[PDB]
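K.L.:
Mind having a look at this structure? Questions to follow.
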Amino acid sequence: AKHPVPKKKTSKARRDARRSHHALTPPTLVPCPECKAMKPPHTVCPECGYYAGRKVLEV
Amino acid sequence: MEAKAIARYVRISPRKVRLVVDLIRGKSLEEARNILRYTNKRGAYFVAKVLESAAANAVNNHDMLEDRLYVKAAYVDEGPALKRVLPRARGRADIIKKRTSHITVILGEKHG
Amino acid sequence: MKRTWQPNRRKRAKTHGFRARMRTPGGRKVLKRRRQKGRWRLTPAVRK
Amino acid sequence: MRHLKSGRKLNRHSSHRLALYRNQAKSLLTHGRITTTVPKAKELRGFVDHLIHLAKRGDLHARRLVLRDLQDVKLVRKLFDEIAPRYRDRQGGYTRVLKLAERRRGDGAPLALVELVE
RNA sequence: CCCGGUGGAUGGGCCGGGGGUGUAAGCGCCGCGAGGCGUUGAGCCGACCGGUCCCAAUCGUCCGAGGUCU
RNA sequence: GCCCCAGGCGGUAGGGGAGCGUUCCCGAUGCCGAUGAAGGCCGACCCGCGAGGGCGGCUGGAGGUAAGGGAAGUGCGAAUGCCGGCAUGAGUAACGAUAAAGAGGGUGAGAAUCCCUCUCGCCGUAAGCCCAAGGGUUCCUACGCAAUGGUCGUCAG
RNA sequence: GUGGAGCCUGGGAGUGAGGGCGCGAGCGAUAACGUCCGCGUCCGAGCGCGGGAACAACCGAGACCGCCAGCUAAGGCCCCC
RNA sequence: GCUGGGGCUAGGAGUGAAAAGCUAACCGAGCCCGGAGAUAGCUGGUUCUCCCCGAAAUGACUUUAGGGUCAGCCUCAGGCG
RNA sequence: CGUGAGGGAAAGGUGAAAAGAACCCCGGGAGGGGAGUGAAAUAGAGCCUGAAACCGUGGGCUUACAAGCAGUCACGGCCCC
RNA sequence: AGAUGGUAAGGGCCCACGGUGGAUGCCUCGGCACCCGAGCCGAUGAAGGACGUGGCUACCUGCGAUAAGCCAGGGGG
Ligand SMILES: [Zn+2]
């Protein structure tokens with residue numbers, strides 16, 4: 001290992017090019033059937049605290 | 001009308017929070033609220049506070065219809081980096097740039 | 001490992017102290033420059 | 001290659017995984033519901049189901065078996081008294097795992113509660 | 001990539017088989033005792049092979065056709 | 001005789017000639033300037049062969065300075081140049097011992113990180129206790145969390 | 001023979017590592033993109049231009065500038081061209 | 001033998017069971033300041049425009065051979081023609 | 001910073017006047033939006049002007065069979081005046 | 001049979017607008033140089049300092065336990 005080093009400065013277009021795939025997918029939400037509030041699917045609605053049409057957590 | 005709030009001097013990496021803010025550009029206000037509330041990102045919090053704050057400004061100050069509110073345009077200017085030192089191996093020292101960020105949110109009443 | 005600065009108040013006084021300088025010609029010269037140069041600390045300070 | 005190999009390493013060595021299972025189980029029996037990272041939960045389902053199954057069996061040998069892990073007299077008493085009855089007619093599925101909508105702020109980890117079934 | 005998504009056996013349980021270890025504990029008896037014998041191929045049992053909806057894949061959301069012209 | 005005639009016009013080192021621009025002196029107790037100086041940004045407009053100069057638009061808000069001369073710290077891309085910024089590497093490596101953590105409760109806007117309880121692991125010729133040197137208030141308490149703490153941090157040397 | 005010819009007198013130089021090609025020689029091995037000389041040229045400084053595919057010195061030819069004009073040089077005239 | 005504290009030996013000097021080691025993290029001669037803006041025939045750099053002309057890389061001599069003095073070749077001013 | 005002798009920084013500018021932003025709202029605060037002072041507030045204290053590097057945000061053209069010291073000439077297309 | 005423009009994850013150029021930064025312009029409680037004046041202080045304890053002193057005092061200035069000071073004269077109003 002002889003300390004590899006970046007040969008040249010990365011041009012701006014190339015930098016942004018590598019950052020192309022850096023997008024953040026929006027977190028997909030579904031409305032809580034209890035309180036009509038959006039929240040991640042397959043989780044407890046922290047608003048109503050219900051899940052599977054029944055109560056789970058104490059909001 | 002366009003409302004606007006700005007988190008001036010937010011101690012956070014600008015490039016990081018830019019990824020968050022670029023996720024709510026052009027969204028309805030409710031949409032952006034929910035998206036912020038469930039986005040696993042530290043910048044998402046600051047974007048949240050600036051977002052709701054912009055909502056208050058659009059309502060109280062500029063008196064816009066909160067229903068038609070959407071993120072017309074938001075972005076993150078970079079702020080004065082706080083230069084600190086990271087003691088590295090063999091005596092030498094680095095200088096980490098603890099970057100500060102300015103957040104700008106801009107709201108309009110989408111019509112139709 | 002053991003570095004070169006092993007601080008010791010007595011050593012620092014009887015080595016670089018005011019009276020250490022004043023007892024020798026060259027030391028007196030050093031006091032003179034350090035007066036002309038306007039060093040606030042004319043001698044390395046030490047507690048007691 | 002983890003082909004067919006069952007169980008999560010959980011980034012802990014062997015005895016630490018085991019003590020994790022024991023402490024997780026202890027808090028679970030002591031509280032019924034607990035909040036923990038998802039993988040710890042799913043790696044805790046079976047380890048609780050087994051203990052509660054011995055609870056359903058209830059005999060002395062099961063007492064010393066479950067006691068080999070829980071290592072408590074009192075908590076095992078509650079196990080063989082409050083839980084063995086209430087699961088006397090349930091075959092498996094002694095625990096439920098629900099994923100919480102809100103990740104842990106400190107690290108972004110996803111949370112989920114494990115609860116004793118009703 | 002593949003599979004499953006209540007119509008589900010996809011995974012965890014549990015059950016049954018496999019497989020491994022090798023006669024659990026407790027008790028009884030025999031021993032001064034260490035121990036031995038019977039209960040007992042017992043008990044435990046990770047992946048293995050199937051069954052069982054016990055527990056979980058809830059409810060869901062969003063994209064995505066109006067077909068270029070000679 | 002300002003124009004025509006003939007010829008010439010690749011160019012380093014280098015020799016010579018001719019101009020442009022910057023600071024400052026005279027012009028100047030002058031002139032321009034709040035109707036906006038300098039300066040900044042912009043122009044596809046005009047002058048010149050060019051160095052550059054006008055002129056225009058917006059910013060700027062208070063100096064600028066002619067013709068014609070003089071005097072220079074006078075013209076920068078390079079000097080592993082100096083100072084200062086901002087980049088690249090890069091959201092990468094790393095986050096500083098593999099002694100190990102988990103759960104409940106509370107606090108609090110905010111909790112993996114703070115306080116409490118319980119459970120677990122580690123040291124135990126110490127990773128425990130006392131003194132000395134050195135350190136110099138870091139000690140206690142209350143408050144606070146801009147920064148520092150390699151994350152957070154409602155905690156804190 | 002009037003030429004960016006010549007001479008003289010002064011000021012200022014840089015240069016004093018050259019190279020290739022041709023020819024005449026030495027050395028070399030009648031080897032070297034070798035070395036060393038003489039004559040000459042080009043480059044250097046003409047890595048401006050056409051050709052030689054590409055290529056400093058091989059062939060053509062000395063780039064003041066512009067033109068959406070024409071004639072030729074070497075070299076080409078089957079396509080690239 | 002190791003170690004604490006108290007002190008002494010220092011720069012062509014000390015010390016050194018001796019390696020040319022160590023002498024405040026680079027010791028075949030410490031560091032700081034000063035001489036000092038040492039010297040550097042060596043390396044690098046040397047900043048606006050336009051125009052005219054336009055080299056050399058040779059000889060001689062050289063403690064000289066990558067540097068120099070003279071001459072060669074450039075330019076400029078004047079004179080001659 | 002150096003044991004020390006000694007080396008040795010950076011760092012000026014609101015406004016005429018603090019008139020330095022009451023108060024409301026969002027926010028834990030910060031910060032922000034209003035309001036207000038102000039000739040002016042992109043003069044708001046991180047304050048005259050505020051360049052470039054750099055960074056993003058919107059718009060116009062353009063780009064996923066494509067060869068490149070990034071230019072230059074022509075032609076065309078699009079957009080703007 | 002055919003031809004074809006088209007999409008932009010992003011990128012590029014240009015324009016507009018921002019942020020960062022602190023060049024530039026202007027200014028100057030500062031400094032440089034030259035000339036003039038003046039030119040020693042100290043055992044009556046100097047230069048230079050430590051530490052203290054304010055009602056509340058971090059620091060600089062002042063001063064010295066009489067401690068941002070005391071006395072007399074002069075200036076001043
Ligand atoms: Zn709900």
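Chain labels run A, B, ... following the order of the structure tokens; each chain numbers its residues from 1, and ligands are numbered from 1 in the order shown.
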Step by step, measure atom-to-atom distances between ligand 1 and each residue using only C-alpha atoms (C1' of nucleotides) and all ligand atoms, keep those at most 6 Å, then write them as a PyMOL selection string.
P.N.:
chain A and resi 32+34-35+37+45+47-50
K.L.:
Next, dump the selected residues to file, keeping only C-alpha atoms, as a CSV table (one decimal), in the first residue's frame.
P.N.:
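Wrote selection.csv, looks like this:
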```
chain,number,residue,atom,x,y,z
A,32,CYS,CA,-54.5,5.6,9.5
A,34,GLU,CA,-58.6,5.0,12.8
A,35,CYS,CA,-57.7,8.7,12.8
A,37,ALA,CA,-53.6,10.2,9.7
A,45,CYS,CA,-50.3,4.7,14.1
A,47,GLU,CA,-51.6,9.2,16.6
A,48,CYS,CA,-54.4,6.7,17.4
A,49,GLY,CA,-52.1,4.0,18.8
A,50,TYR,CA,-54.3,1.4,17.1
```
K.L.:
Neighbouring residues of segment 28-34 of chain C were defined as those with any atom within 12 Å, considering only C-alpha atoms (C1' of nucleotides); residues of the same chain fewer than 2 positions away were excluded. Please report them as a list in words.
P.N.:
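Everything that qualifies: residues 16, 17, 18, 19, 20, 21, 22, 23, 24, 25, 26, 36, 37, 38, 39, 40, 41, 42, 43 and 44 of chain C; 32 and 33 of chain H; 4, 5 and 6 of chain I; 47 and 48 of chain J.
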K.L.:
How many Å separate atom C1' of residue 15 of chain H from atom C1' of residue 34 of chain H?
P.N.:
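A separation of 29.6 Å between them.
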K.L.:
Excluding residue 28 of chain J and its own-chain neighbours fewer than 3 positions away, which residues fall within 12 Å of it when counting only C-alpha atoms (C1' of nucleotides)? Please give them as a ChimeraX atom specification.
P.N.:
/I:12-13 /J:31
K.L.:
Taking the chain letters and numbering used in this document, name the residues of chain B that DSSP puts in strand (DSSP E or B), as an MDAnalysis selection string.
P.N.:
chainID B and resid 3:11 28 69:71 75:78 82:87 93:98 100:109
K.L.:
Could you please write out, as a list in words, every residue of segment 2-32 of chain C that DSSP assigns to alpha helix (DSSP H)?
P.N.:
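Of segment 2-32 of chain C, only residues 9, 10, 11, 12, 13, 14, 15, 16, 18, 19, 20, 21, 22, 25, 26, 27, 28, 29, 30, 31 and 32 of chain C fall in alpha helix (DSSP H).
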K.L.:
What does the distance between atom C1' of residue 63 of chain F and atom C1' of residue 41 of chain I come to in Å, to one decimal place?
P.N.:
24.6 Å
K.L.:
Just the residues within 7 Å of segment 3-10 of chain A, please, counting only C-alpha atoms (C1' of nucleotides), with nothing from its chain fewer than 2 positions along; format it as a ChimeraX atom specification.
P.N.:
/A:1,12,14-15 /F:88-89
K.L.:
Using only C-alpha atoms (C1' of nucleotides), which protein or nucleic acid residues come within 9 Å of segment 52-67 of chain I? Drop anything in the same chain fewer than 5 positions from it, and give the result as a PyMOL selection string.
P.N.:
(chain B and resi 73-78) or (chain F and resi 85-87) or (chain I and resi 78-80) or (chain J and resi 8+11-20+23)
K.L.:
Let's have the selection written as a PDB file, in the first residue's frame, with C-alpha atoms (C1' of nucleotides).
P.N.:
```pdb
ATOM      1  CA  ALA B  73     -39.541  26.843  -3.583  1.00  0.00           C
ATOM      2  CA  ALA B  74     -37.066  25.968  -0.860  1.00  0.00           C
ATOM      3  CA  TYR B  75     -33.315  25.571  -0.690  1.00  0.00           C
ATOM      4  CA  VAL B  76     -30.306  25.654   1.602  1.00  0.00           C
ATOM      5  CA  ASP B  77     -27.629  28.281   1.318  1.00  0.00           C
ATOM      6  CA  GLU B  78     -24.398  27.478   3.109  1.00  0.00           C
TER       7      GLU B  78
ATOM      8  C1'   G F  85     -11.000  32.165   1.353  1.00  0.00           C
ATOM      9  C1'   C F  86     -13.533  28.145  -1.193  1.00  0.00           C
ATOM     10  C1'   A F  87     -13.042  23.623  -3.481  1.00  0.00           C
TER      11        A F  87
ATOM     12  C1'   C I  78     -34.503  26.140 -30.927  1.00  0.00           C
ATOM     13  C1'   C I  79     -35.204  30.463 -27.519  1.00  0.00           C
ATOM     14  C1'   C I  80     -34.789  35.981 -26.748  1.00  0.00           C
TER      15        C I  80
ATOM     16  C1'   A J   8     -33.403  13.923 -18.485  1.00  0.00           C
ATOM     17  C1'   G J  11     -25.051  16.853 -16.491  1.00  0.00           C
ATOM     18  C1'   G J  12     -23.407  21.185 -19.774  1.00  0.00           C
ATOM     19  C1'   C J  13     -23.749  26.389 -21.491  1.00  0.00           C
ATOM     20  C1'   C J  14     -26.384  31.083 -20.746  1.00  0.00           C
ATOM     21  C1'   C J  15     -29.727  34.381 -17.841  1.00  0.00           C
ATOM     22  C1'   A J  16     -32.036  35.943 -13.240  1.00  0.00           C
ATOM     23  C1'   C J  17     -31.656  35.585  -8.060  1.00  0.00           C
ATOM     24  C1'   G J  18     -29.378  34.196  -3.557  1.00  0.00           C
ATOM     25  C1'   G J  19     -25.615  32.466   0.223  1.00  0.00           C
ATOM     26  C1'   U J  20     -20.442  32.373   1.439  1.00  0.00           C
ATOM     27  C1'   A J  23     -10.951  42.079  -2.956  1.00  0.00           C
TER      28        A J  23
END
```
